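In this document, chain identifiers A, B, C, D and E correspond to the written order of the chains, with residue numbering beginning at 1 in each.
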Amino acid sequence: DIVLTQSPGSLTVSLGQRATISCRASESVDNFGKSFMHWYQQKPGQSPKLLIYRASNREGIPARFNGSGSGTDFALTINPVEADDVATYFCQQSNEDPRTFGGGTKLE
Amino acid sequence: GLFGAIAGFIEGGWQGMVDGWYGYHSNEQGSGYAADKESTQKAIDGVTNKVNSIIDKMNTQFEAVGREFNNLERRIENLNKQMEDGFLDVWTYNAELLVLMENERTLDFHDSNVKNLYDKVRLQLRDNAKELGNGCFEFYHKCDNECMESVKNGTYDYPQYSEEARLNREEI
Amino acid sequence: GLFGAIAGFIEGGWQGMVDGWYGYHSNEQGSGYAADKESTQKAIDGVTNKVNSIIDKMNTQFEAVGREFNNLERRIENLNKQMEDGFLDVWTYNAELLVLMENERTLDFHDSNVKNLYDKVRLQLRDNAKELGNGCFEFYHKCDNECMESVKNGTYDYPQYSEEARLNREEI
Amino acid sequence: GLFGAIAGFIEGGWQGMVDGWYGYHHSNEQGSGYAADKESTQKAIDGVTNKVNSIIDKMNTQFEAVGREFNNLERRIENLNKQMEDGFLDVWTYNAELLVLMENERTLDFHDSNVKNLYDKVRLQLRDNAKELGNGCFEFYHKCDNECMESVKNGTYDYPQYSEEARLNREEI
Amino acid sequence: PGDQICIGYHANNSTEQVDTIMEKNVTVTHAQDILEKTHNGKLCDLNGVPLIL
């Protein structure tokens, strides 16, 4: 199992600023030269949504979302933060079964 | 083959020698097969480098690319096809021929390693042994296991056995 | 050549042997030439397969096609020309080189067949004959026509003549 | 090598022989010294020189790249043209590299063969008039003065002239 | 009657054949195949990344 640990657990950021959510993998999630990390957005009261695939590229997703990172640690950067960004954000790896997700980070 | 040894003056290989390609005895202490580690390793290195060299020389080979053309580009379509087939045919020839040529040299290479091994022993034994003419030398003296080992590792002391050999030649 | 036989230790070929490439006698019953059918047929098969293999490897060669272009297609006209000449030059090199390389191997192949034939006889005769050093072995015993035939077909009974040979060596 | 002579039964070359590739070292009462076999050396020189000249000759009809320009809507033939140029450049680079590798190997074995032939040239002359030491050297069963040494070197050894004194020296042994 | 030593070479139960200029189908003790002839008959993802129209 590749344990994924997101940090911080809850993040409150001022409107129009920068949210910076981190992910840390127990072992690397990074071969073939690409990172097999994914970011997901769960706006409250509905199913999760796909933001970033293989750690850097956006899926109809605004540029405000910066997927970054390589290897063992990554980061979803939301900047500028808008109103409709309240959600819990999840990182999940596909590098190696069993597919594992992060704890998740709630944004306020 | 080219050098007259493999399937030549040595008519047949030994199922019995299994720890190598080329090798060697029969005395009072008993008989048995043994591989010449040195000549075997040399051949292994040579063939392995050969195989690796063939695969290496082919890394800059042609790689076909998908290209599309319309009904009024039939000429360059055909040119493009001839170009692709052109290189595919060249490189297929190059791979096929290289394999055929180096195969032939490889078989003769083994033949040569064997003929050299036979000569290595022959040039040591000289008149201290008789050439049976089948890859075997019949000794004119007593060759114990340690003596057998000296012939096999190129440290035969010819003059040590010279006298007892000469005496045994002359009652014959 | 590579193997020291043809135009080597055997200095010259025989206009007299006409039924083959390689062959052999002179006794009391009389002298004459004879071809070694076996080694000759082997060489014929080898060279014939070689010739047929060379012609075979060339069936997927480039074939130039007429193509026309106008005054504003000078670039692809030239590209097309370079492509055609390009392959024509490659395949001309391939044919010329292949012929040069296999010619050299063929001459050395014959040299090797001869040197092997000489060794075939030598390894049979051993001390029952003297190496004159010109491709000829002078016998230490009487070799009638049937004996000559046994040397030629690899059935020489060395020990049968061993004693009369040994006796003739020692008054010398 | 292929023929067992160079770095084979003759284990090592001579820094001392400098006037040629292959030759002799003699040793008699008049004294010792190195000498090159002019004939076999010249043959090899001619062979290798023709080989080098043949390799350079076979390459005169090689591909020569030409500058050609294309615009933004000619990307296809631009690429075709590039593939064609690289295509031939890669073929001819293979041809030059391989030819050199193959003929190098044959050249080393060619020298090996010239040596083994030279040794055999002497051996077939001396026969039982000398003993094969097995290291490229023949120990004579008779007296070989400088003129005799010269006859072995130029292929005019008179075997029967020394036959008797050789045979007598073999038999007290 | 006398002690002897023999020079010889390996042989086995191999049926692998190989080709040369002068001879075809030469049974040999060891050979290496260098031509891949099988595929999975499927279109697949390439190193964790296709657009199928």
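Throughout what follows, a contact is a pair of C-beta atoms (placed from the backbone, for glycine too) under 8 Å apart; a residue touches a chain by one contact, two chains touch by 3 or more.
Undergrad: With respect to inter-chain C-beta contacts, which pair, B-E or A-E, contains the greater number?
TA: More contacting C-beta pairs are found at B-E.
Undergrad: Of the chains present, which has its C-alpha mean closest to the combined C-alpha mean?
TA: Taking the mean of C-alpha atoms per chain, the most central one is B.
Undergrad: Where the CA atoms of chain A average out and where those of chain B average out, how many Å apart are those spots?
TA: Their C-alpha centroids are separated by 61 Å.
Undergrad: Please compute the C-alpha centroid of chain A, do the same for chain C, then give the distance between them in whole Å.
TA: Distance between chain centres, rounded to whole Å: 76 Å.
Undergrad: How far is the middle of chain A from the middle of chain D, if each middle is the mean of its Cα atoms, in Å?
TA: A distance of 71 Å separates the two centres.
Undergrad: Can you check how far apart chain D and chain E are, centre to centre, with Cα atoms defining each centre and the answer in Å?
TA: 35
Undergrad: Where in chain A do residues touch two or more other chains at once?
TA: There are none in chain A.
Undergrad: If you look at chain E, which of its residues touch at least two other chains?
TA: Counting only residues that touch two or more other chains, chain E contributes 21-22.
Undergrad: Enumerate the residues of chain C that touch no fewer than two other chains.
TA: Correct list: 3, 53, 76, 79, 83, 90.
Undergrad: Please list, in label order, each pair of chains that touches.
TA: Contacting pairs: A-E, B-C, B-D, B-E, C-D, C-E.
Undergrad: Any idea which chain D residues touch chain C in the complex?
TA: 3, 54, 58, 61-63, 66, 68, 70, 77, 80-81, 84, 87-88, 91, 95, 99, 109-110, 113, 116-117, 120-121, 124-125, 127, 167
Undergrad: Which part of chain B faces chain C closely enough to touch in the complex?
TA: Going through chain B, the ones touching chain C are 2-4, 8-9, 75-76, 78-79, 82-83, 86, 89-90, 92-93, 96-97, 100, 131, 133.
Undergrad: Which residues of chain E touch chain C in their complex?
TA: 21-24
Undergrad: So in the complex, which bits of chain E are touching chain B?
TA: That would be residues 2-12, 18-22, 26, 29, 32, 34 of chain E.
Undergrad: Can you list the residues on chain E that touch chain A in the complex?
TA: The contact residues of chain E facing chain A are 47-49.
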